[PDB]
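One structure is given here, and the rest of the page talks about it.
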Amino acid sequence: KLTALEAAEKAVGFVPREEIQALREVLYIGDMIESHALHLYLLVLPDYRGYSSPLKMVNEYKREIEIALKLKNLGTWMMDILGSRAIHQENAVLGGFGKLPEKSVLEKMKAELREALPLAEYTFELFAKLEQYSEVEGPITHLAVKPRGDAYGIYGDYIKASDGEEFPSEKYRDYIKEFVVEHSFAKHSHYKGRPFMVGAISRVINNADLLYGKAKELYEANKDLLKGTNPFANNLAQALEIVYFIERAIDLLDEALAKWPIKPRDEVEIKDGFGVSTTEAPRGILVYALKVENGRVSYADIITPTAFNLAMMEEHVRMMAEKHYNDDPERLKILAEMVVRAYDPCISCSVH
Amino acid sequence: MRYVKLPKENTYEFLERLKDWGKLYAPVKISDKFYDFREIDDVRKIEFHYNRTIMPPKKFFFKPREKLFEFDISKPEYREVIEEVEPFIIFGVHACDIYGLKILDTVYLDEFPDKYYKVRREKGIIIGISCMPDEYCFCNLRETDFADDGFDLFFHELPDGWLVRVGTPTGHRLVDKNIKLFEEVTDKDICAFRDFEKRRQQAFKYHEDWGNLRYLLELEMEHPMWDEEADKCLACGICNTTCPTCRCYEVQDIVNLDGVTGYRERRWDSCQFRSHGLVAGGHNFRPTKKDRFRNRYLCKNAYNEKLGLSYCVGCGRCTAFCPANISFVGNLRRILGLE
Amino acid sequence: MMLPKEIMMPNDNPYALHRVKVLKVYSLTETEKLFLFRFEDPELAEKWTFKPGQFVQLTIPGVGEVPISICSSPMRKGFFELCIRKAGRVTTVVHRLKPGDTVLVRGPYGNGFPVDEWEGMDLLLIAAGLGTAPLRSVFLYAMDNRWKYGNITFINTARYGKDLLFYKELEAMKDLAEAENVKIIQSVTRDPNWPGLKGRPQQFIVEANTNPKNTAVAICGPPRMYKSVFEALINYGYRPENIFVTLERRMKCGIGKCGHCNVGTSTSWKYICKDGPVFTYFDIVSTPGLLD
Amino acid sequence: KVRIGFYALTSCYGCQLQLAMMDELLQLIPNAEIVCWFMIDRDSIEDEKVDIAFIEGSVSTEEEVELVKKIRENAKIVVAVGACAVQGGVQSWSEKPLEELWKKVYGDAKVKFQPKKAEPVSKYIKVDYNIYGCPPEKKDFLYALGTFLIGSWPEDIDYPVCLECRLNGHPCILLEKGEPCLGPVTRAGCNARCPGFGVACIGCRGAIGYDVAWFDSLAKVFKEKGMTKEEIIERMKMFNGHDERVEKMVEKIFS
Amino acid sequence: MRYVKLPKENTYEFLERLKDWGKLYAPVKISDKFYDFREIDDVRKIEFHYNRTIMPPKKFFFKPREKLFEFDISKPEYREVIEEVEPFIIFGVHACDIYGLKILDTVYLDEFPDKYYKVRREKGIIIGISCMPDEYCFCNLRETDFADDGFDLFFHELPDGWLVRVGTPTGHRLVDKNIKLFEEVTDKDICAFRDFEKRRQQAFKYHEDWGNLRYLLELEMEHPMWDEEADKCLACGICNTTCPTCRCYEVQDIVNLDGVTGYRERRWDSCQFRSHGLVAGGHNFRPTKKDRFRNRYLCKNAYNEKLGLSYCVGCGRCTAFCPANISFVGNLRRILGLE
């Protein structure tokens, strides 16, 4: 929703106000918190803890599920307050919001973020205790967005690489190639003829120096685990990003409260144009290219993080399977599934 | 609701058939300009197009002079005088008088039902008729112009007959016994009814809203109008004795010449008389004529909780029958500032 | 009736429900069961009296509540009976009730047949389809108070012979009823192979044993048969002031608040739970729309 | 224990996610046995006998039609969850044929899997009950699951979103700004979320069944406020793209 | 009746003092053109000159969505959900809404008093205010323009302040606790009140008598107007969910996810919806949209026996808030032949 709003506003030549952009960033941070907590605790925790379902983990790992629910509820409540709901937000309109909450609700949101910061710390410790399998060690090309401003963030105009080069967001199809494979409804992506990775670990590797606060302290402490060579560092990078984004959301709420009261929405008149917005999704770079002609969409191009990550997923599953070749089929299946889940795949966004 | 139609040539035959149900009371001409409800022997005497009667229809239930008890002073015993009330039909009741009968029913059948009133009220069949207002009628201001219930048959005037509303099982039986004389209502009769309603609404003298009349009367009890209109007043009480919704009666015990027997008598009373608010020792709670004159306005403009309308229905009998040419509606509109 | 503190609770809540237990379940037809109930409160059970023709609100917990007429006589104190047809959600849950289960009931509601002012006169009861149960209540009240009412006739009709309500009871009762000034007529309409009687009730009104001028008529069933039955009754000389019928509309409360059981027009606007369900002949005649 | 299976067709998994994020789902585990739900369970078997089957997503693959036929074979109650399963979702917004969309998106390339145009689940099997929304509300899931656990079934909704909009005191966007609000014809249960946030309804929960969805009156109201026929038809067919009533009712008022 | 004057500079102080009695609900602006009764934190938000509210004042006693019971399915038990209602003040109620509250009281404080309604009706203090007619207001036709009772304090607009009517002991206590802020009414204030009443009567759009509206509606149920206006109808039910005197509600039992607990819920309902008359087996007693559309007119134009008024008070909410631009008063005047 927010990447589409950014693309449409770029196409129609509209610039949102600073407080509206801050509130949109808070909503996006809520989405990242919910998605990362949900992934970490309900999709990659049970297979590390020896279960087959998080619903079977209610009596043994009670505190872990409790903190999982608290983080997920914080993200869901942020999205319920700012967007209309946790899924398919409707309050995010062209040029702002249909209705903004009262000031006391924002104060309560800031207080709840402050309360949830220790939960993020515990999550980072719990996922630092886990294991990065050495069967998948190899050089990775990490692509991530260059943040706008002077802080680790989600909105950006440039796309960085682990090879050092950087290109403008609108020129993405000059450097990224989409091709269709005969075994999937998704389009695999290549960078200079080679597969690449986008995600939380790529974000950390590319924009580590932009972190500030407890996130920077934790990153400096645990830089040894966050090497851009193992795909299994993505979960720990997600925990680190939760830690960062709680504080970032607190600061953005302070910035928004500095300019109260806020008019919910600006009048936008739809001129023709072509806008490409590369915001950083919880799972990697999201590219939205929309062309507007007479108040209508004439050209749409969506490239999603999982479509970016599928080729690297195939390569790393190949190396994992060759390392665990001719073993018991169940063990190979579960380890390959763990490798795939390390990439937090959203198959729905792959096909869009 | 049943909407049977009575043709113009069967009206007198239906009125003759009404005499099979009891005694028929219909408005007849008692003088050149005055009407009254009198017992019918010749059906041609009934005046269907009349303005008002010299006496309200309450005289058939709240009798003008009634003997309540007969007594023996030795071994004190009061024996009630109740006669077997045979069924009777009151024909030609206007809608305002029907609402007045409803108001008097609320007064006389509320908690202690009046036996004398009830035995005659239960035996009366109220057949209402439509009317064209004259200069004295303001039943549209008091909202007593169209009757909802309280009748058995209601006759609505048509160019080629009548439209009959049946609202009671008694009216159903009356229609079904003489169904030969009745016909079916067509769209033409409905259009004629609509035209008559429009003409009736156009024929009223005053078209005003009187919501705040009670509060303005309360606020303006020290008006010079009260003095100037009471100086005209004759204290004759016609405005109360010819008012459909006046409940007041005076009681008296009359001893026969033997000194042992006698009777207790009930007659209509007026608040315009001296002894209406007179207590022992000489204290009158309405001592001056102005006080009684204003008290009538206050009482008639009061709000009836059970029905939702004022005790004044708007018949204009107090204005038409006032020998001193005092206008009730004119004084009320002067209080409201509409003059 | 006007039972105090048990029809509205000591909490003054008219929606408050009483705990009752189902003792006997009996399948009359395929989509029909007769339920025998008693209140789990012994004092409430001994104090609860109703009028023939009144209904109750049967609350199955968690599904909803439905209005059901009482089919047993009010003089069978301690117990009351309900006859329920499976029409949908709540009745589907009701039909699974086995004996010994607890369900919630509030009532009685509405006005019943004026059986107190029917003293010393004949009774004609015309029941069609599911309308037998309120007329079963009236019939059993008359049978318990036989000295009060004169000759009584019970006409029960149904679409098929297997759908006749209380066929076994009325067939067993016919003996000593014919000798006890009671006539039971049971007929079918859409079954031309039925061994018993065939036809509509208006055909069997002439076969009644009731004096037409001194007979109280109670008709229950679909609203479409009412006009034909009225024509037949009026032709044979039954007085229109003594004809009573029952109507059904959607009910959610039974106390007059939900506004779903509305009949009539702007001239006479009435509610079934407060002004019925028993209506007189002149009410049906005056305002159209009460039938169909 | 009631055996419940949640199956995924072509979907965004919003309905499964909405059910998974409910805190009351922890109460469902002691009362119901979850057979097939791959999002949370890994030991889930696709071909198993389930008492109640919840189906999410549209039928956009031949393998999906085989799966829904299998589910209808294996389930006593089949429940269609969400706008994708009930009315085809937003994927059925376009009336353009499959080959045109395929050429526009994937070019001239082969995938070896067979797709089809988005259709509701009710076209290929018999759905006994429906759960409306995109995603369905938590209250809808609670009511449906609770009534199924008691042995009853949920009541279908035939009242518009305007009911909940007027219960909550939301300002009417259609009376003030003339916005194209689809609320008067859309099923309630969402507690008037979009009109409460100042947005117009886009009819995610779907149009009222039982032939009491008046697109002609709403089209006349839209026409008084200056909208062309095709704009009204597209707006109403955003989520009701498989509704045959919309075209006929709008063309009646524009003829 | 007790008359007090509130000067223009003490109005906000008196409204601040009203918060000492409880929570204050007054009409505020929720959008550019719409009002509603909302809880007051800043007294300056109160709009004294408003036309109507997006929700009727019945939402404080007949709540829009209310939880009646909570139940355990095992051990069948329904426990009523009633909270301790603290006293509150509803300020700014127009006279039409006061009459609507009286009508709803007759509906919900009948032989079976509604506990949920009665508990909140006991603790509510109704302070009424004067208003100027809009183009949609026809409270003069329904006779709900001037309120007699049903309030505690009534505020009447004056050029130099307010005129306060005290009708109940609660209003007497409210006036006597803050008697420092009130003054004495002179003849000038009475004259200003009379002028405001004259202007208010002149500001109404329609001046007609609607006595035969019910009977004409009964006689004209086969009119082409019903089809014409029903084809415009959206079946959105706003005319019922915004009507002050609509009694209808729909009940539903919701079972929690444990299968043992749950609750019973009550929400406002409309007769314009399909399931208002559905009687199982597929039979609907109002099966067409025309039937429900006409049923609303029949129900609203019916006669209330206990009060003597129609169930429609004349606020115009059904005409102002109809998204299909359907005129209730216009269609009623079409039935009467006044157009």
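A, B, C, D and E label the chains in the order they appear, each numbered from 1.
The rule is simple: contacts are C-beta pairs under 8 Å (C-beta built on N, C-alpha and C of every residue); 3 or more make two chains touch, one makes a residue touch a chain.
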Touching both chain B and chain D (chains): C, E
C-D or A-D - the one linked by more C-beta pairs in contact: A-D
Most centrally placed chain, judged by C-alpha centres: E
Chain centre separation in whole Å, for chain C relative to chain B (CA means): 45
Computed distance of Cα centres, chain B from chain A, in Å: 87
Between chain C and chain A, distance of the C-alpha-averaged centres to the nearest whole Å: 68
Gap in Å, rounded to a whole number, between the CA centres of chain E and chain C: 39
Where chain D touches two or more other chains at once, by residue number: 25, 146-147, 150, 152, 155
Per-residue multi-chain contacts in chain E, two or more chains: 73, 214-215, 218, 252, 255, 262, 303
Set of chain A residues in contact with two or more other chains: none
Pairwise chain contacts, counting only pairs that touch as defined: A-D, B-C, B-E, C-D, C-E, D-E
Contact set on chain A toward chain D in their complex: 38, 42, 47, 52-55, 58, 69, 72-73, 76, 84-88, 90-91, 93, 97-99, 180-185, 187, 264-265, 348
List of chain E residues in touch with chain B within their complex: 1, 3, 140, 143, 145-146, 148, 165, 190, 194, 197-198, 201, 207-209, 211-212, 214-216, 218-220, 303, 307-309, 336-337
Complex contact set, residues of chain C against chain E: 8, 11-17, 19, 59, 61-65, 87-88, 102-104, 248-250, 252-253, 255-260, 262, 265-267, 269, 274, 287
Footprint of chain D on chain C - complex, ascending: 62-63, 89, 92-93, 96
Interface residues, chain D side, partner chain A - complex: 11-14, 17-18, 20-21, 23, 25-26, 29, 34, 40-43, 106-107, 109-113, 115, 134-135, 193-194, 196-199, 204
